[PDB]
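Chemist: make a model of this:
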Amino acid sequence: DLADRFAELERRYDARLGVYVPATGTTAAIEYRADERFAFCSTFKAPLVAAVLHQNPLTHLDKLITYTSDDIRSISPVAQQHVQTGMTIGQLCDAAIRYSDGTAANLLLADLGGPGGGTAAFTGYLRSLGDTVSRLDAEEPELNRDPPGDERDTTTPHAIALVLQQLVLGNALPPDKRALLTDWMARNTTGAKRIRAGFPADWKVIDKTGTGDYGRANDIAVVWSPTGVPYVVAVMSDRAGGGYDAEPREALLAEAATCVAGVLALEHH
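Modeler: Residues are numbered from 1 along each chain as shown. The structure is reproduced below:
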């Protein structure tokens, strides 16, 4: 069975793997270490965007945010490009999702919660969605760097899947705001070798990745069958035996996603 396949993925990669797929009418829940904690890493940026969308009129997306090179202390492929000219809230949401931009995420955190209140405010949005388990404690880049076992900056596969579900497939956002989120995740550039790699090409995939220290590799996704049946997939991993600088393994997540796709696609299941 499925738990055995997942277990062998852990042995071969020298990794801890977490997987959650909520049940549907047709399919049972897929759960493997689903209530164990894993670092968000960049996966937080999906609900971060939902939060800034939710708490503001859409005209707030055209608000220009100015920042300096002092603000860039994490990997920020888009923010670095726009440091001299600024970025609109919309552009930051775009960057946070599609390029995992760390500075963009930090600025969205300050927009939501103020200079020292951002992480508390983000965590609060999640509590407003019924998630009492997840927590964001630090900003980028430190949120990626807690030791294994530290509860700070963690979610679980279970909690982040259900959060994503509400955001994309539920009513947490009104339709015009929900489209924006969904459009950005659909145009993500960092996920091709993760959940995407385990699903056939006629299945639609939108995702938000995460990577960090101790070989952290995450992906959270909404998938659609060719007939448009939706599923939510969260895969999380770390490789803490190699220490702080352990190689993250994207192919661990592609394989877990292949095991999941095998269950969801093959109609004998």
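Chemist: ranges for the helices of the chain?
Modeler: Secondary structure of the chain, counting by DSSP state H: helices at 2-13, 45-54, 89-98, 102-113, 118-128, 157-168, 175-186, 250-265.
Chemist: looking at it, residue 79 is touching residue 105, isn't it?
Modeler: No. Using CB atoms under 8 Å, residue 79 makes no contact with residue 105, being 9.4 Å away. All C-beta atoms are positioned from the backbone trio N, CA, C, and that covers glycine.
Chemist: which neighbours do these two have in common?
Modeler: Residues within reach of residue 79 and of residue 105 at once, by CB atoms under 8 Å, 6 or more residues apart in numbering: there are none.
Chemist: the helices of the chain into TSV, with extra columns for distance to residue 204 and mean neighbour count?
Modeler: Output for those, formatted as TSV (distance: least, CB to CB, whole Å; neighbours: other CB atoms under 10 Å):
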stretch	distance to residue 204	mean neighbour count
helix 2-13	23	14
helix 45-54	17	26
helix 89-98	16	24
helix 102-113	25	24
helix 118-128	26	19
helix 157-168	12	24
helix 175-186	8	17
helix 250-265	13	20
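Chemist: can you lay out the ones you listed as JSON lines showing distance to residue 138?
Modeler: Converted to JSON lines, the helices of the chain look like this (distance: least, CB to CB, whole Å):
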{"stretch": "helix 2-13", "distance to residue 138": "27"}
{"stretch": "helix 45-54", "distance to residue 138": "14"}
{"stretch": "helix 89-98", "distance to residue 138": "16"}
{"stretch": "helix 102-113", "distance to residue 138": "10"}
{"stretch": "helix 118-128", "distance to residue 138": "7"}
{"stretch": "helix 157-168", "distance to residue 138": "17"}
{"stretch": "helix 175-186", "distance to residue 138": "24"}
{"stretch": "helix 250-265", "distance to residue 138": "24"}
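Chemist: so which of these comes closest to residue 66?
Modeler: helix 102-113 (9.7 Å; CB to CB).
Chemist: which residues are contacting the closest one?
Modeler: 42, 44-45, 48-49, 51-52, 55, 65, 67, 71-76, 78-80, 87, 89, 91-93, 95-96, 118-122, 125, 139-141.
Chemist: and for stretch 261-269?
Modeler: 2, 21, 27, 30, 198-200, 203, 223, 225, 231.
Chemist: any idea how many residues pack against residue 65?
Modeler: Neighbours of residue 65 under the rule other CB atoms under 10 Å: 18.
Chemist: was I right about it contacting residue 92?
Modeler: Yes. Using CB under 8 Å, residue 65 is in contact with residue 92, at 6.5 Å.
Chemist: centre-most residue in the chain?
Modeler: Closest to where the C-alpha atoms of the chain average out (CA atoms, centre = their mean) is residue 43, at 2.3 Å.
Chemist: separation between it and residue 89?
Modeler: 20 Å (CB to CB, to the nearest Å).
Chemist: what does residue 81 give?
Modeler: 17 Å.
Chemist: quick one on the thing from earlier: nearest to residue 192, of the helices of the chain?
Modeler: Closest of the helices of the chain to residue 192 is helix 250-265, at 9.3 Å (criterion: CB to CB).
Chemist: quick check: angle from the closest one to helix 2-13?
Modeler: Relative orientation of helix 250-265 versus helix 2-13 (axes from the mean of the first three to the mean of the last three CA atoms, to 10 degrees): 160 degrees.
Chemist: could you export helix 250-265 as CSV, CA atoms only?
Modeler: The C-alpha coordinates for helix 250-265 follow below in CSV (Å, rounded to 0.1, in the frame of the first residue of the first chain):
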residue,chain,number,x,y,z
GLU,A,250,13.0,17.9,-5.8
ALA,A,251,12.7,14.4,-7.2
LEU,A,252,11.4,13.2,-3.8
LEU,A,253,8.4,15.4,-4.3
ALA,A,254,7.9,14.5,-8.0
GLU,A,255,7.8,10.8,-6.9
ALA,A,256,5.4,11.4,-4.0
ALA,A,257,3.3,13.4,-6.5
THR,A,258,3.5,10.5,-9.0
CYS,A,259,2.3,8.1,-6.2
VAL,A,260,-0.6,10.5,-5.6
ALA,A,261,-1.4,11.0,-9.3
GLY,A,262,-1.4,7.1,-9.6
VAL,A,263,-4.2,7.0,-7.1
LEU,A,264,-6.2,9.9,-8.4
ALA,A,265,-5.9,9.1,-12.2
